[PDB]
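Below is the file start-v9.pdb, which contains PDB, C-alpha atoms (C1' of nucleotides).
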MODEL        1
ATOM      1  CA  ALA A   3     103.457 -29.597  87.907
ATOM      2  CA  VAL A   4     104.625 -26.669  85.661
ATOM      3  CA  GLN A   5     101.368 -24.647  85.244
ATOM      4  CA  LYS A   6     100.748 -24.695  89.020
ATOM      5  CA  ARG A   7     104.435 -23.869  89.651
ATOM      6  CA  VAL A   8     104.491 -20.821  87.314
ATOM      7  CA  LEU A   9     100.989 -19.292  87.490
ATOM      8  CA  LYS A  10      99.740 -17.449  90.600
ATOM      9  CA  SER A  11      96.377 -16.746  88.902
ATOM     10  CA  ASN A  12      93.759 -19.516  88.378
ATOM     11  CA  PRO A  13      94.224 -21.563  85.119
ATOM     12  CA  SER A  14      94.107 -19.541  81.850
ATOM     13  CA  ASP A  15      95.329 -20.132  78.263
ATOM     14  CA  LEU A  16      97.349 -17.016  77.298
ATOM     15  CA  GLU A  17      99.004 -16.831  80.696
ATOM     16  CA  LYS A  18      99.714 -20.570  80.219
ATOM     17  CA  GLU A  19     101.224 -19.748  76.772
ATOM     18  CA  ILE A  20     103.721 -17.341  78.436
ATOM     19  CA  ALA A  21     104.424 -20.019  81.086
ATOM     20  CA  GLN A  22     104.954 -22.474  78.195
ATOM     21  CA  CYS A  23     107.407 -20.074  76.477
ATOM     22  CA  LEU A  24     109.372 -19.640  79.735
ATOM     23  CA  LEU A  25     109.284 -23.442  80.179
ATOM     24  CA  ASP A  26     110.411 -23.822  76.518
ATOM     25  CA  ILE A  27     113.458 -21.663  77.329
ATOM     26  CA  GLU A  28     114.015 -23.636  80.607
ATOM     27  CA  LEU A  29     113.798 -27.150  79.025
ATOM     28  CA  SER A  30     116.111 -26.279  76.124
ATOM     29  CA  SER A  31     118.721 -24.456  78.250
ATOM     30  CA  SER A  32     119.564 -21.392  76.118
ATOM     31  CA  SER A  33     123.154 -20.087  76.498
ATOM     32  CA  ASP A  34     122.660 -16.633  78.069
ATOM     33  CA  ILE A  35     119.632 -17.327  80.341
ATOM     34  CA  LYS A  36     121.790 -17.352  83.472
ATOM     35  CA  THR A  37     120.721 -19.952  86.113
ATOM     36  CA  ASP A  38     117.611 -20.657  83.998
ATOM     37  CA  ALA A  39     114.096 -19.124  83.823
ATOM     38  CA  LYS A  40     112.971 -21.466  86.559
ATOM     39  CA  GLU A  41     112.304 -19.217  89.598
ATOM     40  CA  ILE A  42     110.073 -16.851  87.531
ATOM     41  CA  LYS A  43     106.476 -16.710  88.842
ATOM     42  CA  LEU A  44     103.695 -15.106  86.785
ATOM     43  CA  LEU A  45     101.188 -13.151  88.878
ATOM     44  CA  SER A  46      98.828 -12.184  86.035
ATOM     45  CA  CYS A  47      98.900 -10.913  82.440
ATOM     46  CA  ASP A  48      96.944  -8.306  80.432
ATOM     47  CA  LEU A  49      96.605  -7.871  76.655
ATOM     48  CA  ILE A  50      96.654  -4.410  75.114
ATOM     49  CA  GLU A  51      96.233  -3.402  71.460
ATOM     50  CA  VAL A  52      97.707  -0.125  70.183
ATOM     51  CA  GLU A  53      95.987   2.478  67.960
ATOM     52  CA  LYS A  54      98.695   2.240  65.258
ATOM     53  CA  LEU A  55      98.155  -1.564  65.216
ATOM     54  CA  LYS A  56     101.681  -2.978  65.035
ATOM     55  CA  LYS A  57     101.203  -6.369  66.728
ATOM     56  CA  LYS A  58      99.662  -6.561  70.233
ATOM     57  CA  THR A  59     101.345  -6.055  73.625
ATOM     58  CA  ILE A  60     101.243  -8.190  76.752
ATOM     59  CA  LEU A  61     101.769  -6.682  80.179
ATOM     60  CA  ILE A  62     102.949  -9.160  82.829
ATOM     61  CA  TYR A  63     102.603  -8.565  86.556
ATOM     62  CA  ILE A  64     105.208 -10.342  88.713
ATOM     63  CA  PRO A  65     105.418 -10.464  92.572
ATOM     64  CA  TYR A  66     107.801  -7.669  93.751
ATOM     65  CA  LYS A  67     110.397  -9.920  95.498
ATOM     66  CA  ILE A  68     110.842 -12.254  92.470
ATOM     67  CA  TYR A  69     110.991  -9.253  90.138
ATOM     68  CA  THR A  70     113.757  -7.418  92.085
ATOM     69  CA  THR A  71     115.835 -10.518  92.888
ATOM     70  CA  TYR A  72     115.502 -12.524  89.689
ATOM     71  CA  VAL A  73     113.937 -10.488  86.850
ATOM     72  CA  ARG A  74     115.806  -7.147  87.228
ATOM     73  CA  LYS A  75     119.252  -8.828  87.325
ATOM     74  CA  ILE A  76     119.056 -10.495  83.908
ATOM     75  CA  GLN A  77     116.299  -8.439  82.364
ATOM     76  CA  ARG A  78     117.546  -7.536  78.846
ATOM     77  CA  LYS A  79     118.700 -11.084  78.089
ATOM     78  CA  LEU A  80     115.542 -12.629  79.576
ATOM     79  CA  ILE A  81     113.145 -10.321  77.713
ATOM     80  CA  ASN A  82     114.831 -10.878  74.315
ATOM     81  CA  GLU A  83     114.564 -14.696  74.652
ATOM     82  CA  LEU A  84     110.928 -14.404  75.778
ATOM     83  CA  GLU A  85     110.200 -11.981  72.895
ATOM     84  CA  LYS A  86     111.752 -14.501  70.447
ATOM     85  CA  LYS A  87     109.440 -17.293  71.735
ATOM     86  CA  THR A  88     106.354 -15.045  72.211
ATOM     87  CA  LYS A  89     104.281 -14.002  69.184
ATOM     88  CA  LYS A  90     103.464 -10.530  70.628
ATOM     89  CA  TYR A  91     105.376  -7.701  72.433
ATOM     90  CA  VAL A  92     105.919  -8.514  76.151
ATOM     91  CA  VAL A  93     106.712  -6.243  79.118
ATOM     92  CA  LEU A  94     107.259  -7.501  82.742
ATOM     93  CA  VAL A  95     106.436  -5.224  85.746
ATOM     94  CA  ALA A  96     106.458  -5.618  89.547
ATOM     95  CA  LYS A  97     103.118  -5.640  91.390
ATOM     96  CA  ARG A  98     103.119  -2.909  94.116
ATOM     97  CA  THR A  99     100.766  -2.049  97.037
ATOM     98  CA  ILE A 100      98.864   1.278  96.721
ATOM     99  CA  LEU A 101      96.925   2.614  99.730
ATOM    100  CA  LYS A 102      96.103   5.867 101.580
ATOM    101  CA  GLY A 103      97.120   6.542 105.217
ATOM    102  CA  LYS A 104      93.853   8.300 106.033
ATOM    103  CA  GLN A 105      92.278   4.805 105.949
ATOM    104  CA  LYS A 106      94.608   4.179 108.942
ATOM    105  CA  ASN A 107      95.637   0.615 107.978
ATOM    106  CA  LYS A 108      96.486  -1.971 110.639
ATOM    107  CA  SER A 109     100.219  -2.797 110.134
ATOM    108  CA  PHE A 110     101.402   0.775 109.478
ATOM    109  CA  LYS A 111     103.064   3.508 111.478
ATOM    110  CA  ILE A 112     102.826   5.898 108.465
ATOM    111  CA  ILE A 113     102.553   4.570 104.860
ATOM    112  CA  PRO A 114     106.066   4.089 103.276
ATOM    113  CA  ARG A 115     107.195   6.295 100.374
ATOM    114  CA  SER A 116     107.497   3.101  98.309
ATOM    115  CA  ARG A 117     103.712   2.650  98.723
ATOM    116  CA  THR A 118     102.901   6.235  97.569
ATOM    117  CA  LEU A 119     100.928   6.509  94.289
ATOM    118  CA  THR A 120     103.403   8.908  92.646
ATOM    119  CA  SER A 121     106.435   6.779  93.642
ATOM    120  CA  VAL A 122     104.668   3.614  92.447
ATOM    121  CA  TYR A 123     103.942   5.172  89.043
ATOM    122  CA  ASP A 124     107.540   6.412  88.715
ATOM    123  CA  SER A 125     108.794   2.918  89.698
ATOM    124  CA  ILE A 126     106.462   1.276  87.139
ATOM    125  CA  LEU A 127     107.708   3.750  84.491
ATOM    126  CA  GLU A 128     111.214   2.477  85.316
ATOM    127  CA  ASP A 129     109.964  -1.158  85.021
ATOM    128  CA  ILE A 130     108.430  -0.753  81.533
ATOM    129  CA  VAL A 131     111.404   1.017  79.909
ATOM    130  CA  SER A 132     113.875  -1.204  81.886
ATOM    131  CA  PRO A 133     116.122  -2.641  79.043
ATOM    132  CA  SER A 134     116.591   1.092  78.266
ATOM    133  CA  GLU A 135     117.268   3.816  80.867
ATOM    134  CA  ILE A 136     115.478   7.160  81.517
ATOM    135  CA  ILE A 137     117.484  10.348  80.942
ATOM    136  CA  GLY A 138     114.705  12.763  81.996
ATOM    137  CA  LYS A 139     111.011  13.443  82.583
ATOM    138  CA  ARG A 140     108.957  16.516  81.584
ATOM    139  CA  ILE A 141     105.197  17.103  82.031
ATOM    140  CA  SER A 142     103.562  19.351  79.426
ATOM    141  CA  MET A 143     100.284  20.950  80.519
ATOM    142  CA  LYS A 144      98.031  21.469  77.465
ATOM    143  CA  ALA A 145      95.765  24.554  77.255
ATOM    144  CA  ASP A 146      92.689  22.413  77.999
ATOM    145  CA  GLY A 147      94.469  21.023  81.125
ATOM    146  CA  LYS A 148      95.426  17.640  79.673
ATOM    147  CA  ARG A 149      98.869  16.496  80.874
ATOM    148  CA  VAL A 150     101.532  14.782  78.760
ATOM    149  CA  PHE A 151     104.558  12.992  80.185
ATOM    150  CA  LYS A 152     107.540  13.513  77.827
ATOM    151  CA  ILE A 153     110.080  10.755  78.631
ATOM    152  CA  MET A 154     113.604  10.838  77.152
ATOM    153  CA  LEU A 155     115.440   7.480  76.916
ATOM    154  CA  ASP A 156     119.169   6.603  76.483
ATOM    155  CA  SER A 157     121.415   6.843  73.381
ATOM    156  CA  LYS A 158     122.422   3.136  73.430
ATOM    157  CA  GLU A 159     119.070   1.629  72.377
ATOM    158  CA  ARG A 160     118.464   4.550  69.971
ATOM    159  CA  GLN A 161     120.130   2.648  67.114
ATOM    160  CA  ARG A 162     117.721  -0.327  67.254
ATOM    161  CA  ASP A 163     115.284  -0.761  64.334
ATOM    162  CA  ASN A 164     112.259  -1.426  66.591
ATOM    163  CA  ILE A 165     112.434   1.969  68.389
ATOM    164  CA  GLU A 166     109.254   3.935  67.437
ATOM    165  CA  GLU A 167     106.866   0.942  67.716
ATOM    166  CA  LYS A 168     108.486   0.205  71.117
ATOM    167  CA  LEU A 169     108.092   3.892  72.164
ATOM    168  CA  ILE A 170     104.398   3.673  71.126
ATOM    169  CA  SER A 171     104.224   0.450  73.165
ATOM    170  CA  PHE A 172     105.739   2.123  76.273
ATOM    171  CA  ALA A 173     103.321   5.052  75.905
ATOM    172  CA  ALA A 174     100.401   2.637  75.444
ATOM    173  CA  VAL A 175     101.308   0.511  78.500
ATOM    174  CA  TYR A 176     101.728   3.494  80.824
ATOM    175  CA  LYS A 177      98.379   4.946  79.623
ATOM    176  CA  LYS A 178      96.628   1.601  80.233
ATOM    177  CA  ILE A 179      98.195   1.467  83.732
ATOM    178  CA  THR A 180      97.259   5.090  84.496
ATOM    179  CA  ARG A 181      95.285   7.308  82.175
ATOM    180  CA  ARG A 182      97.974   9.979  81.733
ATOM    181  CA  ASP A 183      99.193  10.722  78.194
ATOM    182  CA  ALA A 184     102.836   9.885  77.501
ATOM    183  CA  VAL A 185     105.308  10.852  74.803
ATOM    184  CA  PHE A 186     108.727   9.201  74.500
ATOM    185  CA  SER A 187     111.936  10.254  72.797
ATOM    186  CA  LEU A 188     115.576   9.528  72.054
ATOM    187  CA  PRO A 189     118.333  12.160  71.963
ATOM    188  CA  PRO A 190     119.103  14.129  68.738
TER     189      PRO A 190
ATOM    190  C1'   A B   1     110.329  21.062  98.226
ATOM    191  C1'   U B   2     107.937  16.184  99.510
ATOM    192  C1'   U B   3     103.236  12.245  99.769
ATOM    193  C1'   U B   4      96.005   9.932  95.664
ATOM    194  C1'   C B   5      97.097  11.725  89.631
ATOM    195  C1'   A B   6      92.539  11.133  87.335
ATOM    196  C1'   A B   7      88.848   8.921  84.001
ATOM    197  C1'   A B   8      84.046   8.332  81.821
ATOM    198  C1'   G B   9      78.876   9.473  81.752
ATOM    199  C1'   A B  10      74.324  12.296  82.575
ATOM    200  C1'   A B  11      71.858  16.978  83.046
ATOM    201  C1'   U B  12      72.160  21.958  80.703
ATOM    202  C1'   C B  13      74.149  27.024  77.587
ATOM    203  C1'   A B  14      80.590  25.203  71.543
ATOM    204  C1'   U B  15      79.703  26.374  77.952
ATOM    205  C1'   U B  16      78.285  25.089  82.741
ATOM    206  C1'   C B  17      76.810  22.359  87.147
ATOM    207  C1'   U B  18      76.563  17.279  88.677
ATOM    208  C1'   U B  19      76.918  11.715  89.041
ATOM    209  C1'   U B  20      79.308   7.270  88.396
ATOM    210  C1'   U B  21      84.423   4.387  89.093
ATOM    211  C1'   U B  22      89.853   3.973  90.544
ATOM    212  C1'   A B  23      94.179   0.856  95.566
ATOM    213  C1'   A B  24      93.912  -1.258 101.119
ATOM    214  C1'   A B  25      92.018  -2.713 105.754
ATOM    215  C1'   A B  26      87.781  -3.809 109.145
ATOM    216  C1'   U B  27      82.049  -5.518 108.856
ATOM    217  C1'   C B  28      77.391  -7.381 107.266
ATOM    218  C1'   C B  29      74.188 -10.990 103.582
ATOM    219  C1'   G B  30      80.826 -13.444  95.880
ATOM    220  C1'   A B  31      77.752  -8.638  96.784
ATOM    221  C1'   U B  32      76.617  -4.992 100.369
ATOM    222  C1'   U B  33      78.901   0.195 104.665
ATOM    223  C1'   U B  34      83.085   2.332 107.858
ATOM    224  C1'   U B  35      88.726   4.341 108.691
ATOM    225  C1'   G B  36      93.969  10.133 112.213
ATOM    226  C1'   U B  37      93.330  15.044 115.781
ATOM    227  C1'   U B  38      93.351  20.606 115.965
ATOM    228  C1'   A B  39      93.267  25.365 113.478
ATOM    229  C1'   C B  40      90.380  27.101 109.246
ATOM    230  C1'   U B  41      85.433  26.867 106.830
ATOM    231  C1'   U B  42      80.164  25.487 106.102
ATOM    232  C1'   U B  43      75.665  24.889 107.944
ATOM    233  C1'   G B  44      72.951  24.763 112.429
ATOM    234  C1'   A B  45      70.962  24.795 117.525
ATOM    235  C1'   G B  46      69.641  27.795 121.583
ATOM    236  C1'   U B  47      69.587  33.297 121.335
ATOM    237  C1'   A B  48      65.566  39.848 125.866
ATOM    238  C1'   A B  49      62.634  43.638 124.033
ATOM    239  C1'   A B  50      63.375  48.909 122.957
ATOM    240  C1'   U B  51      66.672  50.349 119.442
ATOM    241  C1'   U B  52      68.407  48.914 114.187
ATOM    242  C1'   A B  53      67.545  47.125 109.161
ATOM    243  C1'   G B  54      62.936  45.868 107.160
ATOM    244  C1'   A B  55      57.752  44.138 105.330
ATOM    245  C1'   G B  56      52.337  45.044 105.901
ATOM    246  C1'   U B  57      49.468  49.237 106.807
ATOM    247  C1'   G B  58      47.057  57.029 103.248
ATOM    248  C1'   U B  59      48.325  59.174 111.275
ATOM    249  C1'   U B  60      44.863  64.914 107.031
ATOM    250  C1'   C B  61      50.837  63.271 104.344
ATOM    251  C1'   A B  62      55.313  63.016 106.935
ATOM    252  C1'   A B  63      57.805  62.486 111.700
ATOM    253  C1'   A B  64      54.741  58.652 113.523
ATOM    254  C1'   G B  65      51.933  54.562 115.103
ATOM    255  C1'   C B  66      50.483  49.121 115.337
ATOM    256  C1'   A B  67      46.540  49.499 113.433
ATOM    257  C1'   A B  68      42.827  48.409 110.287
ATOM    258  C1'   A B  69      39.611  46.686 106.340
ATOM    259  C1'   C B  70      34.695  44.923 104.118
ATOM    260  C1'   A B  71      29.367  45.013 103.249
ATOM    261  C1'   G B  72      24.661  46.188 105.144
ATOM    262  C1'   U B  73      19.923  52.807 105.778
ATOM    263  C1'   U B  74      20.773  47.429 109.166
ATOM    264  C1'   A B  75      20.291  42.116 104.135
ATOM    265  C1'   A B  76      22.669  39.873 100.226
ATOM    266  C1'   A B  77      25.751  36.334 102.522
ATOM    267  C1'   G B  78      28.081  32.732 105.491
ATOM    268  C1'   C B  79      26.130  28.607 109.616
ATOM    269  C1'   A B  80      22.083  26.535 113.574
ATOM    270  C1'   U B  81      17.696  23.379 112.778
TER     271        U B  81
ENDMDL
END

Please express what this file holds, its structure, as structure tokens.
Amino acid sequence: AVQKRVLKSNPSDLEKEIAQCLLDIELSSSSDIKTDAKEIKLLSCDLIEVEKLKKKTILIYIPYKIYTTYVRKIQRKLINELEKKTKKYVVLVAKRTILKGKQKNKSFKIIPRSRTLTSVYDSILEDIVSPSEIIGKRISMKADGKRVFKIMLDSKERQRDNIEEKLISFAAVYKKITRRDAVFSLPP
RNA sequence: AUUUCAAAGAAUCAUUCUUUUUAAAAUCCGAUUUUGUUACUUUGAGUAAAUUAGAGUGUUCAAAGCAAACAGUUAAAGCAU
């Protein structure tokens, strides 16, 4: 039934807890979850704990097609309901193929731009911020050659109370995904 | 303009050189090893001597040359029994 329906990965408790929360929204029939949670499929989940230690954050991988068609459409409303159920800070991202064309893979006349490492990381950066929208990107090159990605977000979600912990969370998630340093900001 | 960023360790003087690992496809016993072409570059292979650079070597020195050196008044010694 429900665990097998939701979870792509083999049976696991915390993944099952997210599935349970989505099911809890689906059973109850909350007002603004449009056409239910019910076609959401969980690929896998990871748990990340930030240095500043304000709760813990869950990253959720979703199959690309489900994520674009279902998750992206409703995403702010869906995340807030899931956040309300969930005891920890959740972010949903699309799983994406990464490969190099010098390996000369079987089904490819040239690797698509969508499957390029840089494009994938930019696309994932879009996915994590998603309820808020990127104004601009800037890469600061430290004297010792360390590189810091300064990401400016919108002015709409600036006036939320949860901002800096969320910015820390975005920075944390992107670092866990790829070991670049981030900084995030909101307009003066 | 454009397409795979990096990370951590070990060696070593705050420096430096290095190793490990981070998608995908094919293969071999869940682990193990392969993946455009050319220019460019690295090593190599094979490559007349004389000349040339250059080592060894006091031709009376040097230009040269390719020789020489050692000990023995004819034995010490080495090796054949």

* Asked: Written as a PyMOL selection string, what is the full residue list that the PyMOL selection byres ((chain B) within 9 of (chain A)) yields on the file shown?
  -> chain B and resi 3-7+23-25+35-36

Enclosing box along x, y and z for every listed atom of stretch 22-28 of chain B, padded 6 Å each side, centre and size in Å, one decimal, as lines of an AutoDock Vina configuration file:
center_x = 85.8
center_y = -1.7
center_z = 99.8
size_x = 28.8
size_y = 23.4
size_z = 30.6

* When the PyMOL selection byres ((chain A and resi 48) around 10) is applied to the file above, which residues end up in the set, as JSON, numbers by chain? -> {"A": [16, 17, 46, 47, 49, 50, 59, 60, 61, 62, 63, 92, 178]}

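Shortest separation to residue A:167 among A:6, A:75, A:58, A:36 occurs at residue A:58, atoms counted being all atoms listed in the file.
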
* When the PyMOL selection byres ((chain A and resi 140-154) around 10) is applied to the file above, which residues end up in the set, as a ChimeraX atom specification? -> /A:127,131,135-139,155-157,169,172-173,176,181-189

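One distance worth recording is that between atom CA of residue A:54 and atom CA of residue A:87, which is 23.2 Å.
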
* Counting all atoms listed in the file, which residues come within 12 Å of (116.3, -22.6, 87.3), with the point read in the file's coordinates, and could you list them as a PyMOL selection string? -> chain A and resi 8+24-25+27-32+35-43+72

* Asked: Using only C-alpha atoms, which of the listed residues (A:177, A:7, A:168, A:97) sits closest to residue A:67?
  -> A:97
